[PDB]
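S.K.: Sharing a structure, written as structure tokens. Questions coming.
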Amino acid sequence: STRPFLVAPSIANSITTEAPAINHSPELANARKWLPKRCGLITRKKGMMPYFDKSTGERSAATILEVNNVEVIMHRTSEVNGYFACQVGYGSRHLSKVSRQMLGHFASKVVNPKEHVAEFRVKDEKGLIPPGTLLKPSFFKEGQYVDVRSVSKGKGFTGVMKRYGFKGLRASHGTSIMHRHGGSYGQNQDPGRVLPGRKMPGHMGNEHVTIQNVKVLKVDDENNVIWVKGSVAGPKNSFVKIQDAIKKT
Amino acid sequence: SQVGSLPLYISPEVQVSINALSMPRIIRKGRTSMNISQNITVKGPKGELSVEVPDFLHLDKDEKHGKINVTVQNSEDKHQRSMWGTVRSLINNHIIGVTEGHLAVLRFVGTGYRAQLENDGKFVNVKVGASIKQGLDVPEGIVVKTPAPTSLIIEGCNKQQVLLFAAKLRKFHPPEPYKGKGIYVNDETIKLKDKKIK
Amino acid sequence: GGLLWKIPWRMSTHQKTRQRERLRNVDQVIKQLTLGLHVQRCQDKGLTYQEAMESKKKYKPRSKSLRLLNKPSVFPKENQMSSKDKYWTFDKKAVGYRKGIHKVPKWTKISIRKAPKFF
Amino acid sequence: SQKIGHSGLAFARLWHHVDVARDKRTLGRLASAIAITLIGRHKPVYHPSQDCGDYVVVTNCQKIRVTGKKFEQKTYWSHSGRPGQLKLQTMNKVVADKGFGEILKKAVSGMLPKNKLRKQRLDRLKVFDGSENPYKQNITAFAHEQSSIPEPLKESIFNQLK
Amino acid sequence: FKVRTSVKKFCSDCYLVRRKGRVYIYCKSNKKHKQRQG
RNA sequence: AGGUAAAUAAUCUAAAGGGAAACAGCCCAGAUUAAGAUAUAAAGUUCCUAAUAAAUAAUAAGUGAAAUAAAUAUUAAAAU
RNA sequence: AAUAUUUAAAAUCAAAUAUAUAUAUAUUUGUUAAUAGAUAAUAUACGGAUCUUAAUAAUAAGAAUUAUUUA
RNA sequence: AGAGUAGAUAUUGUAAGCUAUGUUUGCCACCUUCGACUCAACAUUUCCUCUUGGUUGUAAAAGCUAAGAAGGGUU
RNA sequence: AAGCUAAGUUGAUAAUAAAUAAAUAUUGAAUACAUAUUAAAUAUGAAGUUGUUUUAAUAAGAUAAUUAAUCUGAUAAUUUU
Ligand SMILES: [Mg+2]
Ligand SMILES: [Mg+2]
Ligand SMILES: [Mg+2]
Ligand SMILES: [Mg+2]
Ligand SMILES: [Mg+2]
Ligand SMILES: [Mg+2]
Ligand SMILES: [Mg+2]
Ligand SMILES: [Mg+2]
Ligand SMILES: [Mg+2]
Ligand SMILES: [Mg+2]
Ligand SMILES: [Mg+2]
Ligand SMILES: [Mg+2]
Ligand SMILES: [Mg+2]
Ligand SMILES: [Mg+2]
Ligand SMILES: [Mg+2]
Ligand SMILES: [Mg+2]
Ligand SMILES: [Mg+2]
Ligand SMILES: [Mg+2]
Ligand SMILES: [Mg+2]
Ligand SMILES: [Mg+2]
């Protein structure tokens with residue numbers, strides 16, 4: 001019960017006042033952000049096929065996005081994590097491939113070992129979907145607009161001509177060996193150095209890409225596919241995050 | 001000092017009281033400063049109103065003859081006696097507001113220029129000419145009435161607010177010197193230019 | 001233009017105080033020289049040191065340099081000088097016909113006390 | 001002879017509290033005092049090669065005193081190294097972004113010596129805009145001061161810790 | 001607005017003004033006389 | 001013009017040390033070798049950085065605070 | 001309290017020095033501020049921090065600017 | 001000062017006055033490649049795009065002049 | 001044929017909001033009058049600012065297992081996403 005402790009008069013008599021809100025704080029940042037009011041899906045890009053409108057005959061390319069065992073694993077909240085998000089898991093995996101720690105995690109959350117896990121940030125708590133619920137393609141509406149995020153194809157160590165569209169030099173008129181080079185990469189003694197961000201040859205691709213306002217053309221559950229007008233970043237069998245568009249509806 | 005030294009005549013139906021607050025707010029300047037912790041309240045038949053006044057200004061009552069005076073400690077301070085004059089003017093204006101009221105008449109000169117009231121008399125719509133609807137909503141303490149589409153009456157108990165709302169409405173279309181066109185706040189007028197086409 | 005001789009155009013309080021003390025020191029040197037001459041005159045006439053110092057009549061110097069230095073109109077004492085002439089010296093190539101006394105070479109050794117009446 | 005004895009008390013990092021609500025010094029003057037404390041000049045056992053500084057806790061920084069129009073005019077600079085990237089933020093904006101104590105932290109950092117000990121002396125300063133801090137128990141107190149403090153205040157400072 | 005370092009009062013209806021750390025002249029009669037001390 | 005040509009000092013040239021942020025030429029002072037108690041020069045004494053306490057007025061423009069930018073314009077101060 | 005050149009210590013006035021003890025001659029000093037005009041190119045540059053103060057209110061701050069000075 | 005149907009100050013401002021830049025032609029003597037192609041970074045003394053004041057000389061349209069403005073653009 | 005590619009296909013030019021510049025106002029004195037303030041109070045206002053959107057790098061924080069014949073990585077083999 002009683003223990004020896006001493007109190008400083010300055011602290012004891014200090015008047016209590018509340019510190020003001022600073023912009024560089026999760027609460028204010030979350031208030032400022034531009035986020036959807038609903039959770040999304042994880043899909044696996046399967047490839048592209050034609051889409052023919054039965055009525056007007058329009059033909060448009062469409063990517064096929066597979067929905068396979070998409071379940072909500074757990075939630076994130078403002079009072080515990082600083083933002084509202086739904087962690088979603090896609091697919092089925094094998095014991096041998098999943099680790100013991102993550103096997104315990106999936107067991108605790110009452111889901112099967114998952115191919116992929118990624119979390120979608122919602123605006124508030126109304127958009128959190130209960131854990132363990134299976135999400136189907138019909139989760140989206142025909143003719144609505146979504147945003148798709150995925151890692152794009154790798155192009156390797158790419159030169160300046162391909163990477164940034166430099167014109168290079170002439171193929172004739174005395175041009176010396178350096179045909180496909182970027183030219184000058186700075187100025188004379190005044191800078192005395194190459195400014196940061198100078199465009200130079202280097203690895204291109206394997207980078208995240210967000211494509212906004214992609215139209216959902218067809219949704220069906222008997223095949224477990226979602227049709228997206230246009231193209232999606234990444235090779236085949238690449239994971240894609242689909243979520244309602246923030247700009248158009 | 002001449003403005004602030006003029007006394008105030010208060011009718012039996014209007015009363016003025018002065019009190020203090022809990023949080024004195026102290027505003028700063030260069031070598032000078034101000035501290036504000038008092039409040040004056042005017043009550044009358046047409047509602048109630050209030051003003052914030054510093055601690056260096058006091059009100060002397062007189063029930064006989066219904067007379068009240070406003071004075072500060074040190075008139076040697078220019079930055080004090082200016083406030084004394086302004087506070088006298090403000091309290092007097094509030095007294096006029098409560099006893100009688102403040103009114104402003106907007107005239108809409110120009111063909112098709114007219115104003116209407118919508119949303120239970122809260123919104124005012126003006127047609128000074130635009131492909132987009134124009135107007136705004138009245139603030140608290142102001143009431144508007146339209147005897148004619150081409151005329152509008154804005155009145156209340158706070159002179160500053162009534163006239164600021166009038167000016168905000170006028171901002172959409174001030175008078176045009178070539179042909180009289182726009183919103184006229186009061187009896188004030190403009191001088192027109194000759195035609196003298198080239 | 002090219003070299004940076006970063007000499008500010010106005011002195012500081014400490015510099016002014018040191019200048020005042022230096023002026024006072026020169027005044028003291030002049031005073032002591034005159035007093036020594038007076039005491040020597042008294043001792044030559046016969047008196048001794050004590051009443052040479054206590055003598056009511058003080059002998060004035062007979063040399064041109066000492067007499068002129070003792071005249072206030074030629075070598076004014078520190079307390080007699082003006083604040084302007086304590087710190088600023090006369091120059092005919094400067095705006096205002098003045099320059100800081102600290103821009104004079106070897107200003108802590110050389111002495112300036114008087115400038116033209118109307119400058 | 002004077003040096004021979006128990007130096008453990010001498011080289012002890014005390015914790016000091018400065019309540020800006022009660023303090024009357026302005027930003028720069030308060031910061032100069034804080035820098036002196038952090039360096040440890042106030043200790044007669046100070047030697048330049050050693051870091052004899054103490055901890056400092058500042059509370060109620062939202063009442064700090066700044067003179068003139070510095071709040072709306074003083075600018076803080078930052079440049080990464082790429083030309084055209086000179087961030088200039090007014091004190092008002094820096095306060096709204098990172099708080100009032102950030103200004104004091106910059107002032108103290110400027111007044112500290114430019115050594116390898118600069119950052120470890122700076123991290124020794126704890127600043128809080130409000131009164132709620134986790135170092136209420138980490139403040140020098142003596143048994144002879146407890147008389148003025150009422151019992152419920154002691155119970156609050158003991159049991160209601162963060 | 002005649003922005004100029006020399007600000008005068010031409011029309012007798014000109015009036016001086018002290019705003020935004022600057023000196024202004026506004027004329028009630030002739031609008032050409034508006035000036036600002038830049 | 002950090003130009004050029006000569007005329008009086010002084011310093012660098014051939015001069016370390018303190019101040020001028022950094023500094024051949026400016027302010028002070030001339031290192032035989034040490035010691036570190038005392039009096040100091042120029043310059044300074046909120047912190048970086050050794051060392052300060054006051055009086056009387058003015059400034060509110062961060063003016064200014066160790067490299068004063070002009071004619072002019074506005075707003076303010078007293079003598080009859 | 002109103003019409004109101006000039007920005008002054010020459011002249012006048014007021015304090016002090018050297019001769020003079022009932023008073024005079026000579027000498028020394030004391031006469032405005034703020035803003036605007038303002039002004040480029042890797043990066044804001046008093047060397048940097050920073051510097052103007054405020055009752056309640058605690059050991060305890062209130063130029064670190066300019067002009068005369070004291071200890 | 002003078003033009004501007006009238007009025008020096010919408011615009012305009014002719015000899016002279018006070019300053020700013022260090023892009024021009026020169027001056028000193030500390031220090032013995034012009035154009036094109038490619039990629040450009042920076043400034044604002046803003047050509048276009050946005051906000052605004054003036055204009056017997058802004059009825060509308062198109063303009064002239066000026067204040068804020070370097071985000072984007074500028075064969 | 002696959003792949004790469006553009007002459008081809010798809011999408012975007014990242015809001016809504018908050019303070020402002022020039023500039024436009026209400027009440028109002030010191031200074032009877034006048035004055036939007038280089039007084040106290042009360043409002044409008046830009047492709048610019050803060051932000052937002054997009055992509056790097058960081059991991060505060062969170063779930064889970066914790067000496068294991070199916071605990072976590074590596075060396076190794078068959079390979080491209
Ligand atoms: Mg080619
Ligand atoms: Mg060759
Ligand atoms: Mg070839
Ligand atoms: Mg080269
Ligand atoms: Mg030469
Ligand atoms: Mg020599
Ligand atoms: Mg030689
Ligand atoms: Mg030397
Ligand atoms: Mg220094
Ligand atoms: Mg040095
Ligand atoms: Mg400055
Ligand atoms: Mg005289
Ligand atoms: Mg610069
Ligand atoms: Mg003419
Ligand atoms: Mg000419
Ligand atoms: Mg500009
Ligand atoms: Mg037009
Ligand atoms: Mg009035
Ligand atoms: Mg008006
Ligand atoms: Mg805008």
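The way I read the labels, and the way they are meant: chains A, B, ... in the order of the structure tokens, residue 1 as the first residue of every chain, and ligand 1 as the first ligand shown, with later ones counted on from there.
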Within 10 Å of residue 44 of chain F, counting only C-alpha atoms (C1' of nucleotides), which residues show up once you throw out same-chain ones fewer than 3 positions away? Write them as an MDAnalysis selection string, please.

M.R.: (chainID C and resid 14:15) or (chainID F and resid 19 50:51)

S.K.: Which residues of chain E are close to chain I, meaning at most 10 Å apart when you count only C-alpha atoms (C1' of nucleotides), and how do they look as number ranges by chain?

M.R.: E: 15-23

S.K.: Once you have the residues from the selection above, write them out as a PDB file, in the first residue's frame, restricted to N, CA, C and O atoms.

M.R.:
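Contents of selection_7.pdb, freshly written:
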```
ATOM      1  N   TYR E  15      -8.632  61.596 -50.201  1.00  0.00           N
ATOM      2  CA  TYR E  15      -8.344  61.341 -48.802  1.00  0.00           C
ATOM      3  C   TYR E  15      -7.257  60.284 -48.694  1.00  0.00           C
ATOM      4  O   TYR E  15      -7.197  59.342 -49.493  1.00  0.00           O
ATOM      5  N   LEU E  16      -6.394  60.478 -47.703  1.00  0.00           N
ATOM      6  CA  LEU E  16      -5.279  59.604 -47.399  1.00  0.00           C
ATOM      7  C   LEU E  16      -5.747  58.401 -46.589  1.00  0.00           C
ATOM      8  O   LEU E  16      -6.760  58.445 -45.886  1.00  0.00           O
ATOM      9  N   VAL E  17      -4.982  57.319 -46.687  1.00  0.00           N
ATOM     10  CA  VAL E  17      -5.319  56.062 -46.034  1.00  0.00           C
ATOM     11  C   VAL E  17      -4.025  55.334 -45.714  1.00  0.00           C
ATOM     12  O   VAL E  17      -3.050  55.407 -46.464  1.00  0.00           O
ATOM     13  N   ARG E  18      -4.028  54.608 -44.598  1.00  0.00           N
ATOM     14  CA  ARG E  18      -2.844  53.927 -44.079  1.00  0.00           C
ATOM     15  C   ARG E  18      -3.219  52.462 -43.884  1.00  0.00           C
ATOM     16  O   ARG E  18      -3.741  52.088 -42.831  1.00  0.00           O
ATOM     17  N   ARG E  19      -2.949  51.633 -44.890  1.00  0.00           N
ATOM     18  CA  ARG E  19      -3.362  50.238 -44.843  1.00  0.00           C
ATOM     19  C   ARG E  19      -2.246  49.338 -45.338  1.00  0.00           C
ATOM     20  O   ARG E  19      -1.512  49.694 -46.262  1.00  0.00           O
ATOM     21  N   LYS E  20      -2.146  48.157 -44.732  1.00  0.00           N
ATOM     22  CA  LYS E  20      -1.243  47.111 -45.198  1.00  0.00           C
ATOM     23  C   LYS E  20       0.194  47.616 -45.265  1.00  0.00           C
ATOM     24  O   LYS E  20       0.951  47.275 -46.176  1.00  0.00           O
ATOM     25  N   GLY E  21       0.577  48.434 -44.290  1.00  0.00           N
ATOM     26  CA  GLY E  21       1.917  48.992 -44.281  1.00  0.00           C
ATOM     27  C   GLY E  21       2.218  49.840 -45.494  1.00  0.00           C
ATOM     28  O   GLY E  21       3.359  49.854 -45.967  1.00  0.00           O
ATOM     29  N   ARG E  22       1.220  50.551 -46.010  1.00  0.00           N
ATOM     30  CA  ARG E  22       1.375  51.344 -47.218  1.00  0.00           C
ATOM     31  C   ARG E  22       0.423  52.524 -47.166  1.00  0.00           C
ATOM     32  O   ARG E  22      -0.559  52.529 -46.414  1.00  0.00           O
ATOM     33  N   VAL E  23       0.719  53.519 -47.997  1.00  0.00           N
ATOM     34  CA  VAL E  23      -0.031  54.765 -48.060  1.00  0.00           C
ATOM     35  C   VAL E  23      -0.857  54.773 -49.338  1.00  0.00           C
ATOM     36  O   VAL E  23      -0.330  54.538 -50.434  1.00  0.00           O
TER      37      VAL E  23
END
```

S.K.: Tell me as number ranges by chain which residues belonging to chain E come within 7 Å of chain G, counting only C-alpha atoms (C1' of nucleotides).

M.R.: E: 5, 37-38

S.K.: Could you give me, as an NGL selection string, the residues within 7 Å of segment 187-196 of chain B, counting only C-alpha atoms (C1' of nucleotides) and dropping anything in the same chain fewer than 2 positions from it?

M.R.: :B and (177-179 or 198)

S.K.: Show me, as a ChimeraX atom specification, every residue of chain I with an atom at most 7 Å from chain B, counting only C-alpha atoms (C1' of nucleotides).

M.R.: /I:25-30,40

S.K.: Write out the residues from the selection above, keeping N, CA, C and O atoms (P, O5', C5', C4', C3', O3' and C1' of nucleotides), as a PDB file, in the first residue's frame.

M.R.:
```pdb
ATOM      1  P     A I  25     -14.940  49.291 -52.684  1.00  0.00           P
ATOM      2  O5'   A I  25     -15.511  48.323 -51.563  1.00  0.00           O
ATOM      3  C5'   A I  25     -15.812  48.794 -50.263  1.00  0.00           C
ATOM      4  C4'   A I  25     -16.653  47.794 -49.518  1.00  0.00           C
ATOM      5  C3'   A I  25     -17.084  48.187 -48.120  1.00  0.00           C
ATOM      6  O3'   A I  25     -18.187  49.071 -48.108  1.00  0.00           O
ATOM      7  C1'   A I  25     -16.292  45.966 -48.108  1.00  0.00           C
ATOM      8  P     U I  26     -18.361  50.114 -46.905  1.00  0.00           P
ATOM      9  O5'   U I  26     -18.840  49.210 -45.689  1.00  0.00           O
ATOM     10  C5'   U I  26     -20.069  48.506 -45.750  1.00  0.00           C
ATOM     11  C4'   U I  26     -20.490  48.003 -44.395  1.00  0.00           C
ATOM     12  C3'   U I  26     -20.319  48.973 -43.242  1.00  0.00           C
ATOM     13  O3'   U I  26     -21.368  49.918 -43.164  1.00  0.00           O
ATOM     14  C1'   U I  26     -19.482  46.853 -42.623  1.00  0.00           C
ATOM     15  P     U I  27     -21.101  51.365 -42.533  1.00  0.00           P
ATOM     16  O5'   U I  27     -20.852  51.060 -40.995  1.00  0.00           O
ATOM     17  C5'   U I  27     -21.859  50.466 -40.194  1.00  0.00           C
ATOM     18  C4'   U I  27     -21.340  50.166 -38.814  1.00  0.00           C
ATOM     19  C3'   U I  27     -20.600  51.302 -38.135  1.00  0.00           C
ATOM     20  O3'   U I  27     -21.456  52.258 -37.545  1.00  0.00           O
ATOM     21  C1'   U I  27     -19.331  49.334 -37.942  1.00  0.00           C
ATOM     22  P     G I  28     -20.961  53.774 -37.403  1.00  0.00           P
ATOM     23  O5'   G I  28     -19.520  53.627 -36.755  1.00  0.00           O
ATOM     24  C5'   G I  28     -19.374  53.264 -35.394  1.00  0.00           C
ATOM     25  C4'   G I  28     -17.923  53.201 -35.001  1.00  0.00           C
ATOM     26  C3'   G I  28     -17.139  54.489 -35.146  1.00  0.00           C
ATOM     27  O3'   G I  28     -17.382  55.408 -34.099  1.00  0.00           O
ATOM     28  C1'   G I  28     -15.889  52.724 -36.058  1.00  0.00           C
ATOM     29  P     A I  29     -17.764  56.934 -34.425  1.00  0.00           P
ATOM     30  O5'   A I  29     -16.529  57.751 -33.854  1.00  0.00           O
ATOM     31  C5'   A I  29     -15.205  57.376 -34.202  1.00  0.00           C
ATOM     32  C4'   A I  29     -14.337  57.191 -32.985  1.00  0.00           C
ATOM     33  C3'   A I  29     -13.551  58.427 -32.583  1.00  0.00           C
ATOM     34  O3'   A I  29     -13.386  58.477 -31.172  1.00  0.00           O
ATOM     35  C1'   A I  29     -12.055  56.692 -33.189  1.00  0.00           C
ATOM     36  P     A I  30     -13.129  59.893 -30.464  1.00  0.00           P
ATOM     37  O5'   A I  30     -11.580  59.874 -30.109  1.00  0.00           O
ATOM     38  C5'   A I  30     -10.730  60.890 -30.609  1.00  0.00           C
ATOM     39  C4'   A I  30      -9.274  60.528 -30.497  1.00  0.00           C
ATOM     40  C3'   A I  30      -8.339  61.517 -31.166  1.00  0.00           C
ATOM     41  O3'   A I  30      -8.002  62.602 -30.319  1.00  0.00           O
ATOM     42  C1'   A I  30      -7.741  59.284 -31.747  1.00  0.00           C
ATOM     43  P     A I  40      -6.264  46.225 -34.645  1.00  0.00           P
ATOM     44  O5'   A I  40      -7.324  46.035 -33.476  1.00  0.00           O
ATOM     45  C5'   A I  40      -6.935  46.163 -32.117  1.00  0.00           C
ATOM     46  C4'   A I  40      -8.128  46.172 -31.196  1.00  0.00           C
ATOM     47  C3'   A I  40      -9.193  45.132 -31.488  1.00  0.00           C
ATOM     48  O3'   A I  40      -8.860  43.855 -30.984  1.00  0.00           O
ATOM     49  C1'   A I  40     -10.215  47.228 -31.112  1.00  0.00           C
TER      50        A I  40
END
```

S.K.: Name the residues, by chain letter and number, that sit within 10 Å of ligand 10 using only C-alpha atoms (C1' of nucleotides) and all ligand atoms, and give them as a PDB file with N, CA, C and O atoms (P, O5', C5', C4', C3', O3' and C1' of nucleotides), in the first residue's frame.

M.R.:
```
ATOM      1  P     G F  18      46.564  34.192 -31.464  1.00  0.00           P
ATOM      2  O5'   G F  18      45.941  35.501 -30.810  1.00  0.00           O
ATOM      3  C5'   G F  18      45.515  35.511 -29.458  1.00  0.00           C
ATOM      4  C4'   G F  18      44.918  36.840 -29.070  1.00  0.00           C
ATOM      5  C3'   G F  18      43.758  37.329 -29.914  1.00  0.00           C
ATOM      6  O3'   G F  18      42.525  36.714 -29.605  1.00  0.00           O
ATOM      7  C1'   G F  18      45.279  39.087 -29.615  1.00  0.00           C
ATOM      8  P     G F  19      41.440  36.507 -30.765  1.00  0.00           P
ATOM      9  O5'   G F  19      41.038  37.989 -31.172  1.00  0.00           O
ATOM     10  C5'   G F  19      40.209  38.771 -30.332  1.00  0.00           C
ATOM     11  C4'   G F  19      39.874  40.098 -30.962  1.00  0.00           C
ATOM     12  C3'   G F  19      39.146  40.053 -32.291  1.00  0.00           C
ATOM     13  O3'   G F  19      37.763  39.799 -32.170  1.00  0.00           O
ATOM     14  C1'   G F  19      40.897  41.622 -32.408  1.00  0.00           C
ATOM     15  P     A F  20      36.977  39.115 -33.384  1.00  0.00           P
ATOM     16  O5'   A F  20      37.255  40.075 -34.624  1.00  0.00           O
ATOM     17  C5'   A F  20      36.560  41.305 -34.746  1.00  0.00           C
ATOM     18  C4'   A F  20      36.850  42.021 -36.044  1.00  0.00           C
ATOM     19  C3'   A F  20      36.564  41.277 -37.334  1.00  0.00           C
ATOM     20  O3'   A F  20      35.184  41.208 -37.645  1.00  0.00           O
ATOM     21  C1'   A F  20      38.615  42.418 -37.520  1.00  0.00           C
ATOM     22  P     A F  21      34.476  39.811 -38.008  1.00  0.00           P
ATOM     23  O5'   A F  21      35.605  38.702 -37.831  1.00  0.00           O
ATOM     24  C5'   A F  21      35.619  37.836 -36.703  1.00  0.00           C
ATOM     25  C4'   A F  21      35.176  36.440 -37.066  1.00  0.00           C
ATOM     26  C3'   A F  21      36.012  35.728 -38.117  1.00  0.00           C
ATOM     27  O3'   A F  21      37.096  35.038 -37.522  1.00  0.00           O
ATOM     28  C1'   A F  21      33.665  35.415 -38.513  1.00  0.00           C
ATOM     29  P     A F  22      38.598  35.549 -37.707  1.00  0.00           P
ATOM     30  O5'   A F  22      39.071  34.814 -39.033  1.00  0.00           O
ATOM     31  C5'   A F  22      39.043  33.400 -39.118  1.00  0.00           C
ATOM     32  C4'   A F  22      38.748  32.934 -40.518  1.00  0.00           C
ATOM     33  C3'   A F  22      39.636  33.501 -41.611  1.00  0.00           C
ATOM     34  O3'   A F  22      40.856  32.790 -41.730  1.00  0.00           O
ATOM     35  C1'   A F  22      37.357  33.564 -42.282  1.00  0.00           C
ATOM     36  P     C F  23      42.254  33.461 -41.320  1.00  0.00           P
ATOM     37  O5'   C F  23      42.411  34.679 -42.326  1.00  0.00           O
ATOM     38  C5'   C F  23      42.811  34.472 -43.673  1.00  0.00           C
ATOM     39  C4'   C F  23      42.782  35.758 -44.458  1.00  0.00           C
ATOM     40  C3'   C F  23      43.923  36.725 -44.162  1.00  0.00           C
ATOM     41  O3'   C F  23      44.243  37.462 -45.338  1.00  0.00           O
ATOM     42  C1'   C F  23      41.869  37.746 -43.611  1.00  0.00           C
TER      43        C F  23
END
```

S.K.: If I take atom CA of residue 36 of chain E and atom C1' of residue 55 of chain H, how far is one from the other in Å, to one decimal?

M.R.: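 Interatomic distance, atom CA of residue 36 of chain E to atom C1' of residue 55 of chain H: 17.3 Å.
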
S.K.: Running DSSP on the backbone, which parts of chain C land in helix (DSSP H, G or I), as a PyMOL selection string?

M.R.: chain C and resi 13-45+49-54+64-70+83-87+101-103

S.K.: Considering only C-alpha atoms (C1' of nucleotides), extract the chain I residues located within 6 Å of chain A and return them as number ranges by chain.

M.R.: I: 10, 63-65

S.K.: Distance limit 9 Å, reference ligand 5, atoms considered: only C-alpha atoms (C1' of nucleotides) and all ligand atoms. Which residues make the cut? Give them as a PyMOL selection string.

M.R.: chain F and resi 2-4

S.K.: Would you give me, as a compact mmCIF listing (two decimals) with C-alpha atoms, in the first residue's frame, the residues in segment 10-160 of chain D that DSSP reads as strand (DSSP E)?

M.R.:
```
# COMPACT_ATOMS: atom_id res chain seq x y z
CA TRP D 15 15.77 16.15 -14.04
CA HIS D 16 14.69 19.79 -14.12
CA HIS D 17 11.20 21.17 -14.74
CA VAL D 18 10.42 24.53 -16.34
CA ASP D 19 6.72 25.41 -16.52
CA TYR D 55 17.68 16.34 -18.20
CA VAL D 56 15.20 19.18 -18.70
CA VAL D 57 11.42 18.83 -18.96
CA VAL D 58 9.37 21.74 -20.30
CA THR D 59 5.59 21.83 -19.96
CA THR D 75 10.86 31.83 -41.10
CA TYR D 76 12.59 28.49 -40.63
CA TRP D 77 14.62 27.10 -43.52
CA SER D 78 15.43 23.63 -44.82
CA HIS D 79 17.19 22.55 -48.01
CA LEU D 86 14.25 25.64 -50.27
CA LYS D 87 11.48 25.09 -47.73
CA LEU D 88 10.71 28.27 -45.76
CA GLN D 89 8.03 27.81 -43.09
CA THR D 90 6.71 30.53 -40.82
CA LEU D 125 15.48 18.00 -23.49
CA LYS D 126 11.83 16.94 -23.26
CA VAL D 127 9.15 19.41 -24.40
```

S.K.: Given a cut-off of 12 Å, what residues near ligand 12 show up using only C-alpha atoms (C1' of nucleotides) and all ligand atoms, put as a list in words?

M.R.: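 Those residues are residues 117 and 118 of chain C; 9, 10, 11, 12, 13, 14, 27, 28, 29 and 30 of chain G.
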
S.K.: Return as a tab-separated table the residues of chain H lying at most 8 Å from ligand 14, together with the closest atom-to-atom pair for each and the distance in Å to one decimal, counting only C-alpha atoms (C1' of nucleotides) and all ligand atoms, with rows in chain order and ascending residue number.

M.R.:
```
residue	atom	partner	partner_atom_place_in_ligand_line	distance
H:2	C1'	ligand 14	1 (Mg)	6.3
H:3	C1'	ligand 14	1 (Mg)	6.2
H:4	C1'	ligand 14	1 (Mg)	7.2
H:7	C1'	ligand 14	1 (Mg)	7.3
H:8	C1'	ligand 14	1 (Mg)	6.6
```

S.K.: Mind checking which residues fall within 8 Å of residue 73 of chain A, counting only C-alpha atoms (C1' of nucleotides), ignoring those fewer than 3 positions away in the same chain, and posting them as JSON, numbers by chain?

M.R.: {"A": [86, 87, 88, 89, 106, 109, 111, 131, 132]}
